[PDB]
Amino acid sequence: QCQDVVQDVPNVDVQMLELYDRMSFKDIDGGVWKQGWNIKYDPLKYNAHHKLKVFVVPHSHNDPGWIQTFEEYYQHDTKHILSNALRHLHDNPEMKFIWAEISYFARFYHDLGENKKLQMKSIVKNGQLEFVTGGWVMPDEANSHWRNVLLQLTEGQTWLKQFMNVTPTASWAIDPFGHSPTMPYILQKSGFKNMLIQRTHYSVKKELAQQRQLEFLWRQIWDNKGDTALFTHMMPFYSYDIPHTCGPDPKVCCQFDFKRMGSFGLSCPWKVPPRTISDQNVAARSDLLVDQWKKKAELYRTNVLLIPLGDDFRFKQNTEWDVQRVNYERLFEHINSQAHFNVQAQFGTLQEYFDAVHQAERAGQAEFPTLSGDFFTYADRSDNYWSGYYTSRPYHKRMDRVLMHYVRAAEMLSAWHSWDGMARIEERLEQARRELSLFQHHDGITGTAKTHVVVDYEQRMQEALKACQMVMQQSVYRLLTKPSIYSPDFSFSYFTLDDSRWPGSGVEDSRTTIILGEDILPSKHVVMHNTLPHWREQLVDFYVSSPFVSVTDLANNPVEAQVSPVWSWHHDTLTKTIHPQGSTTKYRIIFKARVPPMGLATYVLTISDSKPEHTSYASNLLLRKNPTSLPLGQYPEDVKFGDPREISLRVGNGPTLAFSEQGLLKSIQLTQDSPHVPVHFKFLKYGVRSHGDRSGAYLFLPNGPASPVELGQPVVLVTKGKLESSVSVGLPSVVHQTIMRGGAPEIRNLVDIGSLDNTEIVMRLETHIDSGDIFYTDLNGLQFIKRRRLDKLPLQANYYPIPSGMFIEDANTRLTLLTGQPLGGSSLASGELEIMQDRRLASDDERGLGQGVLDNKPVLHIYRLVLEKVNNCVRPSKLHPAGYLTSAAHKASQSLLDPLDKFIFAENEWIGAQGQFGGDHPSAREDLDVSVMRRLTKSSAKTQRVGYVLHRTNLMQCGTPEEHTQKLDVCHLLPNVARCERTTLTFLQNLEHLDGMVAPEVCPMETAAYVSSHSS
Ligand SMILES: Cc1ccc(C(=O)C[C@H]2CC[C@@H](O)[C@@H]3[C@H](O)[C@H](O)CN23)cc1
Ligand SMILES: *[C@@H]1O[C@H](CO)[C@@H](O)[C@H](O)[C@H]1NC(C)=O
Ligand SMILES: [Zn+2]
């Protein structure tokens, strides 16, 4: 049935980890092809019976924000490009053009009059204008979560099906900075047949070109059978621009970019301009161009050649359309009529190229190699590795993950009902999906846009978060109010969200205090949502105006609670210390919420005059020389003080953690009897080189290994409670916090790099674990891939994306660090993990951004730290390129990415309140998630349709008996099911009509989509 993703090592022609181990990475001058060699070809290879078929594919790379905002580029460039494309393609039936970014196309098309809409539909229908990929954007592939890659693909493709009646099956990704196998994974499950990539390490291009392995069947690293395979074309040269797409010599190719003759303010840096094609020069020009084509053709296996023709924001001016088209038409007429060339050249689209390639394949003309692995970390030249952008603008990287979850929760909570148009549910959800989708752009989440553009993305995401809150809170009120009492004002706020970790303590004072008092309001209802499809317990906290508060469920059962102070950290510019102040006007109440699968649970907070029976109070200990009193308004326990010292803590039956006198972890003891395993946190700093290339938004070019941050004598705060304990320390640039709730600790860093120019702050873990040169990092929150540290490569080359987690292990022990935000990281020595927190860079790194990174702001990074014994786990063999999380580590990741949502009832009394929603929902096996639940129809549809994306991960078998859980059949989650279909992941095509309207669960590492149809 299901493929074994652990025990069978796939046999592939190219495995990128193995390739990396063998390659030398020498950066030698290859001649005109600076990073290759002088290509030779046999002129007699092509003849009358075997011609070279050449497809010249016009394109225009349009960034949805970079140096300008989306709207600035739309007004100044893109609207003119699309307008002139429509005119010129309409008027010139053999001209072709491909388009990738649907965010721009939708913006344009909706502003068109009906006549022009019809013209546009016609040039798409007839194949002149072809959409490639069809996502809202061309996303980053390093930092993006797979769920958001799917979100943005679906946004663009849903628009294309509705308005243009097409669904692309070829993908075009010419600009992301390195490439991820998460893309073919999603694309192949979304009906795609082909994909194209460009930005891969120059040494990889050379190696694959030499073996004619630039076209390959890209399968997942664990895929033994090959069912995930997607045909992939890797472009061979340094850029997608015209000088680097006609052939190996940019000095020649530049002469065939007809926009470079002077009137457009562009020129050829190789000092030879293009010249207008005429009858007197066409033979000579053709000879030069065809020679380039035949050289490029040597790197591939068929007699069909792809020649992209484009660059950034090209095909704007009418004069540009003419100058490219007329000159190429003259070259085609000459070349195609001269038999001695044995070439047939034409304008084409991307699908046309792929179709012809596979025709050649089926004719037995070529067979293609299989490949697995990824294409990180990218270098475009010399030692310029693009690992900086794994961390750049970390505030917005963390915001990405927050909004990811709010979109999921808003779509899910509102999916349970059909909503009247007046509720504006669909409107708000579309806005939220679109702003988050926009941010997936390869200058959005990457932190590689100009300062004002970053601000635009932030403002858009803030509006998206507000839209999610509105939808979520309307949905909670409807789900938990007696139906005959339910009386909505769709503009009113029945609940406000409370979020403990975004923007976070010390980032924004954004949270509302629950105000109670005998003379004002004795009690308050709160509600938790659990977006995951299994019963879940999690500690939750709220701010309250009194420490004397107790918690009940809606059956009035007491719930054990803990009250702690509200601590905030301050750089005391008077004492020159970083130390905590306690609130005298508000307090934190903490309790364990238990919430049904995909459901809601209601609790009540009630004030009393004195300590309630079921509420305890944390002790607080401030460790510093030279202490002063710390009064806490009404809080019942006095703060204690002491000189700095080592401390040890244990919550519940959980691990025992020991800390240095500087408030940093030193060891973890898993059980009563077990060893105190050395696990040490350390903060260090990287600098920038004083001569040669400087680090910037893209590039990480350290001036050597990191140096320890000088800690001085930092102030340490220890809070000890029955339910939650913590150690917090004010370090230079970081308030570092270790929180213990009875399992793996949570780590929070409040990172404020301040005015520390040319500094990158790293958090490192030092252990004994005999990992050697092996570590594991994830790809897009989807899969874990084996990394091998290579000392033959510079430090920055050994940095990889940490989009959600990383681990090291030996035969017996593993340490896993899970993240709530994508950052860059590595293991630079056996037993180490490290992850960059922020970076402030004074210089530009010469990739067109034209600024450093000097717009840092405070950010709250979050993590879980999981130390485990793994000697009993069934792990992949030493040759397997994948790794897998344990149950504890997977749950720890879910706690960061999809926590419980918290809602505080806004008015004094909630008439008709109910205690629970979803008590009858199936509690699915722990490795299964309902990644997406989305109602697909508006209220006026006779047949309602609801879409589900189901993802099953793969967890290691380590000897824990599995408990019987319930089968999850998403098609029966809503009543009156009439049909259940398996669909592509975008929901746009039906793949299978399902027996008995039952949606089967998926295999480990598989993702499936289902749509249920409901007659009532
Ligand atoms: C002198 C110079 C050299 C290289 C470049 C790029 O690669 C720019 C590429 C890659 C980075 C990315 O931020 C940008 C935008 O997305 C543009 O589309 C071009 N991209 C630019 C200038
Ligand atoms: C859309 O394209 C399909 C498939 O080519 C065609 O049959 C149909 O007439 C077009 N219009 C629709 C489905 O409205
Ligand atoms: Zn770009």
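Please note: Cβ atoms are built from the backbone with ideal geometry, for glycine as well, and neighbour counts cover all protein chains shown. Each answer follows from the model by the rule given with it, or from the source it names; nothing here is a laboratory result.
Strands (runs of 3 or more DSSP E) fully within the range 925-1002 that include at least 3 residues being free of Cβ contacts under 8 Å to residues at least 60 places away in the same chain and either crowded, with 18+ Cβ neighbours inside 10 Å or outside the structural domain of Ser1015 (by CATH) (or both): 977-983.
Based on what the data block shows, is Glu141 within 26 Å of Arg847 (Cα to Cα), among the acidic types (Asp, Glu) and out of contact with any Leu (no Cβ under 9 Å at 6 or more places or on another chain)? When the stated conditions are applied, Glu141 does not pass them. Within the range 836-865, the residues that satisfy the criterion of being in contact with a strand residue (DSSP E or B) (Cβ under 6 Å, 6 or more places away or on another chain), under 26 Å from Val453 (Cα atoms) and either assigned to a strand (DSSP E or B) or of a type in the set (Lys, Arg) (or both) are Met836, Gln837, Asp838, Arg839, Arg840, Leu841, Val853, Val859, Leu860, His861, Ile862. Would you check if there is a residue in the range 873-888 being more than 16 Å from ligand 1 (Cβ to nearest atom), within 21 Å of the chain's Cα centre (by Cα) and not in a strand (DSSP E or B)? Yes, that holds for at least one residue. Considering the range 307-322, the residues that are acidic (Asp, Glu) and within 16 Å of ligand 3 (Cβ to nearest atom) include one that is surrounded by the fewest Cβ atoms within 10 Å (Cβ to Cβ), namely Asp312. Can you spot a residue in the range 145-157 that is crowded, with 24+ Cβ neighbours inside 10 Å, within 16 Å of ligand 3 (Cβ to nearest atom) and of a type in the set (S, T, N, Q)? For the range 145-157, residues crowded, with 24+ Cβ neighbours inside 10 Å, within 16 Å of ligand 3 (Cβ to nearest atom) and of a type in the set (S, T, N, Q): present. When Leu214 is tested against the conditions (1) within 16 Å of ligand 3 (Cβ to nearest atom); (2) farther than 29 Å from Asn990 by Cα; (3) out of contact with any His (no Cβ under 6 Å at 6 or more places or on another chain), the lone failure is (1). Scanning the range 161-173 for residues that are more than 16 Å from ligand 3 (Cβ to nearest atom), of a type in the set (A, V, I, L, M) and either crowded, with 23+ Cβ neighbours inside 10 Å or not in a helix (DSSP H, G or I) (or both) returns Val166, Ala170.
Checking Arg381, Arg401 one by one, the residue that is within 16 Å of ligand 1 (Cβ to nearest atom) and among the basic types (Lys, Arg) is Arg381 and no other.
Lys450 satisfies every condition listed in (1) under 19 Å from the mean Cα position of the chain (by Cα); (2) within 16 Å of ligand 3 (Cβ to nearest atom) except (1).
Exactly one residue out of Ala410, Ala432 is surrounded by 22 or more Cβ atoms within 10 Å (Cβ to Cβ), over 22 Å from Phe105 (Cβ atoms) and more than 16 Å from ligand 1 (Cβ to nearest atom): that is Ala410. Put simply, of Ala593, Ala555 the only residue that is among the small types (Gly, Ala, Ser), under 30 Å from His972 (Cβ atoms) and in a strand (DSSP E or B) is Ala593. Residues that are away from ligand 1 (no atom under 16 Å from the Cβ) and touching a helix residue (DSSP H, G or I) at 6+ places or on another chain (Cβ under 7 Å) were ranked within the range 435-464; the one that is farthest from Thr986 (Cα to Cα) is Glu458. Here is a list: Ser564, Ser487, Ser510, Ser546. Which entry is in contact (Cβ under 8 Å) with a residue 40 or more places away in the chain and not in a strand (DSSP E or B)? Step by step, each of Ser564, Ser487, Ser510, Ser546 is checked, and only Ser546 is in contact (Cβ under 8 Å) with a residue 40 or more places away in the chain and not in a strand (DSSP E or B).
Between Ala100, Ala48, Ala85, the distinction of being touching a helix residue (DSSP H, G or I) at 6+ places or on another chain (Cβ under 7 Å) and among the hydrophobic types (A, V, I, L, M, F, W, C) belongs to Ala48 only. Among the residues of the range 174-195, the ones that are within 17 Å of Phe131 (Cα to Cα), surrounded by 24 or more Cβ atoms within 10 Å (Cβ to Cβ) and within 16 Å of ligand 1 (Cβ to nearest atom) come to 0 in all.
Scanning the range 375-417 for residues that are under 20 Å from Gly504 (Cβ atoms), part of a helix (DSSP H, G or I) and either assigned by CATH to the domain that holds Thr819 or not basic (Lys, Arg) (or both) turns up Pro394, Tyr395, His396, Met399, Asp400, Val402, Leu403, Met404, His405, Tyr406, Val407, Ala409. Taking residues in the range 313-339 that are within 14 Å of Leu89 (Cα to Cα), and partners anywhere that are basic (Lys, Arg) and exposed (fewer than 15 other Cβ atoms within 10 Å of the Cβ), not one pair has Cβ atoms closer than 7 Å while being at least 6 places apart or on different chains.
Taking first residues from the range 437-459 that are on the phi > 0 side of the Ramachandran plot and partners that are within 14 Å of ligand 3 (Cβ to nearest atom) and part of a helix (DSSP H, G or I), the Cβ contacts under 8 Å between residues at least 6 apart in sequence or on separate chains come to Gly447/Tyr389. Taken as a whole, the structure places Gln469 among residues that are more than 14 Å from ligand 1 (Cβ to nearest atom) and in contact with a strand residue (DSSP E or B) (Cβ under 6 Å, 6 or more places away or on another chain). Screening the range 45-157 for strands (runs of 3 or more DSSP E) wholly inside it with 3 or more residues that are within 16 Å of ligand 1 (Cβ to nearest atom) returns the ranges 52-61.
If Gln7 passes every condition in (1) within 30 Å of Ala882 (Cβ to Cβ); (2) in contact with a helix residue (DSSP H, G or I) (Cβ under 8 Å, 6 or more places away or on another chain); (3) not hydrophobic (A, V, I, L, M, F, W, C) but one, which one does it miss? So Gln7 meets the others, but not (2). Restricting attention to the range 42-63 and to residues that are touching a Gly at 6+ places or on another chain (Cβ under 7 Å) and within 16 Å of ligand 3 (Cβ to nearest atom), the residue that is nearest to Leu129 (Cα to Cα) turns out to be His59. Among the candidates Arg847, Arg875, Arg864, the residue that is within 16 Å of ligand 3 (Cβ to nearest atom), of a type in the set (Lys, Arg) and out of contact with any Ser or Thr (no Cβ under 6 Å at 6 or more places or on another chain) is uniquely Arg847. Could you say which residue among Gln672, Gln662 is surrounded by 15 or more Cβ atoms within 10 Å (Cβ to Cβ), outside any strand (DSSP E or B) and polar (S, T, N, Q)? Of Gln672, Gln662, the one residue that is surrounded by 15 or more Cβ atoms within 10 Å (Cβ to Cβ), outside any strand (DSSP E or B) and polar (S, T, N, Q) is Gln662.
Of note, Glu760 satisfies the criterion of being surrounded by 22 or more Cβ atoms within 10 Å (Cβ to Cβ) and in contact with a strand residue (DSSP E or B) (Cβ under 9 Å, 6 or more places away or on another chain).
In the range 891-900 there is no residue that is without any contact (Cβ under 8 Å) to a residue 60 or more places away in the chain, more than 20 Å from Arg594 (Cβ to Cβ) and of a type outside the set (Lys, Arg). Within the range 275-289, which residues are surrounded by 12 or more Cβ atoms within 10 Å (Cβ to Cβ), more than 16 Å from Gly247 (Cβ to Cβ) and free of Cβ contacts under 8 Å to residues at least 12 places away in the same chain? Passing the criteria: only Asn281.
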